[PDB]
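K.L.:
After the C-alpha coordinates below, expect a handful of questions from me.
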Amino acid sequence: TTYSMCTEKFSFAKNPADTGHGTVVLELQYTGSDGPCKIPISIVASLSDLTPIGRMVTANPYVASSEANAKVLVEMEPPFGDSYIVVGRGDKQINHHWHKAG
(Lines give C-alpha, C1' and ligand atoms only; values in the text may rest on other atoms or scores of the structure.)
Protein backbone atom coordinates (compact mmCIF):
# COMPACT_ATOMS: atom_id res chain seq x y z
CA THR A 1 0.00 0.00 0.00
CA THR A 2 2.70 2.37 0.98
CA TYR A 3 4.90 4.48 -1.34
CA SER A 4 8.29 5.83 -0.29
CA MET A 5 10.31 8.82 -1.45
CA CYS A 6 11.37 8.79 -5.10
CA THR A 7 14.99 7.68 -5.32
CA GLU A 8 15.99 9.00 -8.76
CA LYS A 9 16.76 12.34 -10.40
CA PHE A 10 14.15 14.88 -11.49
CA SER A 11 14.39 17.63 -14.06
CA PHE A 12 12.58 20.94 -14.46
CA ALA A 13 10.30 20.38 -17.44
CA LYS A 14 8.99 23.90 -16.84
CA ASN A 15 11.11 26.32 -14.83
CA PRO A 16 9.37 28.15 -11.97
CA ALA A 17 7.14 31.00 -13.11
CA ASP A 18 5.54 33.77 -11.06
CA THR A 19 1.78 33.22 -10.78
CA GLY A 20 1.06 36.85 -9.99
CA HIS A 21 -0.11 35.75 -6.53
CA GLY A 22 3.19 35.44 -4.63
CA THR A 23 3.55 31.79 -5.68
CA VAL A 24 5.43 29.99 -8.44
CA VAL A 25 4.35 27.06 -10.58
CA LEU A 26 6.80 24.61 -12.06
CA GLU A 27 6.63 21.27 -13.81
CA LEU A 28 8.85 18.33 -12.86
CA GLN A 29 9.81 15.34 -14.98
CA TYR A 30 11.02 12.18 -13.25
CA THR A 31 13.65 9.82 -14.61
CA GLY A 32 13.13 6.81 -12.35
CA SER A 33 10.85 3.80 -12.59
CA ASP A 34 10.11 3.32 -8.86
CA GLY A 35 6.82 5.23 -9.02
CA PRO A 36 4.41 5.79 -7.47
CA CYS A 37 6.66 7.62 -5.05
CA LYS A 38 6.73 10.80 -2.96
CA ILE A 39 8.60 13.75 -4.46
CA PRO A 40 11.37 15.13 -2.22
CA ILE A 41 10.80 18.84 -2.78
CA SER A 42 11.27 21.88 -0.58
CA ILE A 43 12.29 25.53 -0.53
CA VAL A 44 15.47 26.39 1.33
CA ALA A 45 17.44 29.49 2.19
CA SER A 46 20.61 28.09 0.63
CA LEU A 47 22.10 24.82 -0.51
CA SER A 48 24.17 24.60 2.69
CA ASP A 49 21.12 24.80 5.00
CA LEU A 50 18.20 22.69 3.74
CA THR A 51 15.92 23.73 6.59
CA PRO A 52 12.52 24.00 4.84
CA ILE A 53 11.09 27.51 4.51
CA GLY A 54 8.54 29.03 2.24
CA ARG A 55 5.32 27.08 1.90
CA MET A 56 4.22 24.31 -0.43
CA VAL A 57 0.85 25.01 -1.99
CA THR A 58 0.79 21.67 -3.81
CA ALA A 59 1.80 19.72 -0.70
CA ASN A 60 3.09 16.15 -0.74
CA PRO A 61 3.05 15.68 -4.54
CA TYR A 62 3.61 12.27 -6.01
CA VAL A 63 5.08 10.74 -9.11
CA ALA A 64 1.94 8.87 -10.05
CA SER A 65 3.18 5.99 -12.19
CA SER A 66 6.01 3.52 -12.51
CA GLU A 67 6.23 5.06 -15.97
CA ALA A 68 9.32 7.16 -16.57
CA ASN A 69 9.28 10.80 -17.73
CA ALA A 70 5.77 11.80 -16.66
CA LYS A 71 5.20 15.37 -15.53
CA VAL A 72 4.02 16.66 -12.15
CA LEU A 73 2.87 20.24 -11.61
CA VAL A 74 3.80 21.86 -8.30
CA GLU A 75 2.82 25.28 -6.90
CA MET A 76 4.78 26.75 -4.03
CA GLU A 77 5.09 29.98 -2.12
CA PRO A 78 8.68 31.18 -1.75
CA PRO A 79 9.70 33.32 1.22
CA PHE A 80 10.46 36.97 0.69
CA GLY A 81 14.00 37.43 -0.56
CA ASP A 82 16.35 34.80 -1.99
CA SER A 83 15.70 31.08 -1.80
CA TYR A 84 16.27 27.81 -3.66
CA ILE A 85 13.73 25.27 -4.85
CA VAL A 86 15.38 21.89 -4.28
CA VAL A 87 14.14 18.59 -5.72
CA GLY A 88 15.72 15.31 -4.70
CA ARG A 89 18.54 14.68 -2.27
CA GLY A 90 22.28 14.16 -2.35
CA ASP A 91 23.73 13.40 -5.75
CA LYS A 92 20.21 13.40 -7.22
CA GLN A 93 19.42 16.95 -6.04
CA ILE A 94 18.52 19.66 -8.54
CA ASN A 95 17.96 23.27 -7.59
CA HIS A 96 16.59 26.52 -8.96
CA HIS A 97 17.21 29.93 -7.44
CA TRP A 98 14.28 32.23 -6.81
CA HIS A 99 14.15 35.91 -5.87
CA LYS A 100 10.96 37.36 -4.37
CA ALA A 101 10.52 41.03 -3.71
CA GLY A 102 8.12 43.00 -1.59
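All residue names refer to the C-alpha coordinates as shown: chains lettered A, B, ... in order, residues numbered from 1 in each chain, ligands numbered from 1 in order.
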Find the spatial neighbours of residue 52 (chain A), counting only C-alpha atoms, within a cut-off of 7 Å - ignore same-chain residues fewer than 2 positions away - and output them as a list in words.
P.N.:
residues 42, 43, 44, 50 and 54 of chain A
K.L.:
Would you please extract all strand (DSSP E) residues from chain A, as assigned by DSSP on the backbone, and give them as a ChimeraX atom specification?
P.N.:
/A:10-18,24-30,37-38,41-46,49-53,55-56,62-63,71-77,81-87,94-100
K.L.:
Contacts of region 64-67 of chain A at 6 Å or less, counting only C-alpha atoms, minus same-chain residues fewer than 2 places along, as a PyMOL selection string?
P.N.:
chain A and resi 33-36+62
K.L.:
Residues near residue 100 (chain A), anyone? I mean within 10 Å using only C-alpha atoms, not counting same-chain ones fewer than 4 positions away, as a PyMOL selection string.
P.N.:
chain A and resi 18+22-23+77-83
K.L.:
Find the residues around residue 60 (chain A) up to 12 Å (only C-alpha atoms counted), leave out those fewer than 5 positions away in its own chain, and share them as a list in words.
P.N.:
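So, after excluding close chain neighbours, the residues are residues 3, 4, 5, 6, 37, 38, 39, 40, 41, 42, 55, 72, 73, 74, 75 and 76 of chain A.
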K.L.:
Using N, CA and C atoms, can you export the residues from the last selection as a PDB file, in the first residue's frame?
P.N.:
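Saved file out32.pdb follows:
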```pdb
ATOM      1  N   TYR A   3       3.914   3.976  -0.406  1.00  0.00           N
ATOM      2  CA  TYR A   3       4.902   4.482  -1.336  1.00  0.00           C
ATOM      3  C   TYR A   3       5.951   5.269  -0.565  1.00  0.00           C
ATOM      4  N   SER A   4       7.210   5.120  -0.951  1.00  0.00           N
ATOM      5  CA  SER A   4       8.286   5.835  -0.291  1.00  0.00           C
ATOM      6  C   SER A   4       8.737   7.009  -1.153  1.00  0.00           C
ATOM      7  N   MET A   5       9.757   7.725  -0.675  1.00  0.00           N
ATOM      8  CA  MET A   5      10.315   8.824  -1.455  1.00  0.00           C
ATOM      9  C   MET A   5      10.911   8.310  -2.758  1.00  0.00           C
ATOM     10  N   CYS A   6      10.718   9.084  -3.828  1.00  0.00           N
ATOM     11  CA  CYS A   6      11.367   8.794  -5.099  1.00  0.00           C
ATOM     12  C   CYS A   6      12.877   8.804  -4.924  1.00  0.00           C
ATOM     13  N   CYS A  37       5.719   7.278  -6.094  1.00  0.00           N
ATOM     14  CA  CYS A  37       6.661   7.621  -5.046  1.00  0.00           C
ATOM     15  C   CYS A  37       6.481   9.092  -4.697  1.00  0.00           C
ATOM     16  N   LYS A  38       6.895   9.441  -3.485  1.00  0.00           N
ATOM     17  CA  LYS A  38       6.733  10.795  -2.964  1.00  0.00           C
ATOM     18  C   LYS A  38       7.891  11.682  -3.405  1.00  0.00           C
ATOM     19  N   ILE A  39       7.569  12.849  -3.954  1.00  0.00           N
ATOM     20  CA  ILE A  39       8.603  13.745  -4.464  1.00  0.00           C
ATOM     21  C   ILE A  39       9.311  14.455  -3.319  1.00  0.00           C
ATOM     22  N   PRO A  40      10.628  14.320  -3.195  1.00  0.00           N
ATOM     23  CA  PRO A  40      11.368  15.133  -2.222  1.00  0.00           C
ATOM     24  C   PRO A  40      11.570  16.543  -2.740  1.00  0.00           C
ATOM     25  N   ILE A  41      10.739  17.473  -2.287  1.00  0.00           N
ATOM     26  CA  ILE A  41      10.795  18.838  -2.783  1.00  0.00           C
ATOM     27  C   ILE A  41      10.632  19.790  -1.606  1.00  0.00           C
ATOM     28  N   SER A  42      11.403  20.863  -1.614  1.00  0.00           N
ATOM     29  CA  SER A  42      11.270  21.883  -0.578  1.00  0.00           C
ATOM     30  C   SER A  42      11.846  23.182  -1.101  1.00  0.00           C
ATOM     31  N   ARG A  55       6.540  27.832   1.649  1.00  0.00           N
ATOM     32  CA  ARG A  55       5.323  27.084   1.899  1.00  0.00           C
ATOM     33  C   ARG A  55       4.964  26.346   0.621  1.00  0.00           C
ATOM     34  N   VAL A  72       4.778  16.344 -13.358  1.00  0.00           N
ATOM     35  CA  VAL A  72       4.024  16.660 -12.149  1.00  0.00           C
ATOM     36  C   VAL A  72       4.083  18.169 -11.972  1.00  0.00           C
ATOM     37  N   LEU A  73       2.935  18.790 -11.757  1.00  0.00           N
ATOM     38  CA  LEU A  73       2.867  20.235 -11.613  1.00  0.00           C
ATOM     39  C   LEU A  73       2.848  20.583 -10.128  1.00  0.00           C
ATOM     40  N   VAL A  74       3.737  21.482  -9.706  1.00  0.00           N
ATOM     41  CA  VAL A  74       3.796  21.864  -8.302  1.00  0.00           C
ATOM     42  C   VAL A  74       3.701  23.382  -8.175  1.00  0.00           C
ATOM     43  N   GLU A  75       2.873  23.860  -7.247  1.00  0.00           N
ATOM     44  CA  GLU A  75       2.817  25.283  -6.901  1.00  0.00           C
ATOM     45  C   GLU A  75       3.418  25.483  -5.516  1.00  0.00           C
ATOM     46  N   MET A  76       4.206  26.537  -5.347  1.00  0.00           N
ATOM     47  CA  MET A  76       4.785  26.746  -4.031  1.00  0.00           C
ATOM     48  C   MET A  76       4.923  28.230  -3.778  1.00  0.00           C
TER      49      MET A  76
END
```
K.L.:
Report, in Å to a single decimal, how far apart CA of residue 87 (chain A) and CA of residue 10 (chain A) are.
P.N.:
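Those two atoms sit 6.9 Å apart.
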K.L.:
Skip residue 92 (chain A) itself and residues of its chain fewer than 2 positions away, then list as a ChimeraX atom specification all residues within 10 Å of it, counting only C-alpha atoms.
P.N.:
/A:7-11,87-90,94
K.L.:
Write a file of the selected residues as a short mmCIF file (atom, residue, chain, number, x, y, z; two decimals), in the first residue's frame, keeping N, CA, C and O atoms.
P.N.:
```
data_model
loop_
_atom_site.label_atom_id
_atom_site.label_comp_id
_atom_site.auth_asym_id
_atom_site.auth_seq_id
_atom_site.Cartn_x
_atom_site.Cartn_y
_atom_site.Cartn_z
N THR A 7 13.55 7.81 -5.51
CA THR A 7 14.99 7.68 -5.32
C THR A 7 15.81 8.27 -6.45
O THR A 7 17.03 8.42 -6.28
N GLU A 8 15.21 8.62 -7.59
CA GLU A 8 15.99 9.00 -8.76
C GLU A 8 15.95 10.51 -9.00
O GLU A 8 15.35 11.28 -8.24
N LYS A 9 16.60 10.93 -10.09
CA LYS A 9 16.76 12.34 -10.40
C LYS A 9 15.52 12.89 -11.10
O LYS A 9 14.87 12.19 -11.88
N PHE A 10 15.19 14.14 -10.80
CA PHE A 10 14.15 14.88 -11.49
C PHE A 10 14.80 15.86 -12.46
O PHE A 10 16.01 16.10 -12.43
N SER A 11 13.97 16.47 -13.30
CA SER A 11 14.39 17.63 -14.06
C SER A 11 13.25 18.64 -14.05
O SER A 11 12.09 18.29 -13.82
N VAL A 87 14.88 19.81 -5.42
CA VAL A 87 14.14 18.59 -5.72
C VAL A 87 15.12 17.44 -5.69
O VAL A 87 16.13 17.47 -6.40
N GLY A 88 14.81 16.42 -4.90
CA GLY A 88 15.72 15.31 -4.70
C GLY A 88 16.78 15.61 -3.65
O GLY A 88 16.91 16.72 -3.14
N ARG A 89 17.57 14.60 -3.35
CA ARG A 89 18.54 14.68 -2.27
C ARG A 89 19.90 14.20 -2.75
O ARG A 89 20.00 13.37 -3.66
N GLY A 90 20.95 14.70 -2.10
CA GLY A 90 22.28 14.16 -2.35
C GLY A 90 22.71 14.35 -3.79
O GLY A 90 22.56 15.42 -4.38
N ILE A 94 18.47 18.52 -7.64
CA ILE A 94 18.52 19.66 -8.54
C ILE A 94 18.01 20.87 -7.79
O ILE A 94 17.33 20.75 -6.77
#
```
K.L.:
Just how far from CA of residue 14 (chain A) is CA of residue 59 (chain A), in Å to one decimal?
P.N.:
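Those two atoms sit 18.2 Å apart.
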K.L.:
Have a look at A:16, A:70, A:29, A:24 and name the one nearest to residue 56 (chain A); count only C-alpha atoms.
P.N.:
A:24
K.L.:
Quick one: distance from CA of residue 95 (chain A) to CA of residue 20 (chain A) in Å, one decimal?
P.N.:
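Distance between the two atoms: 21.8 Å.
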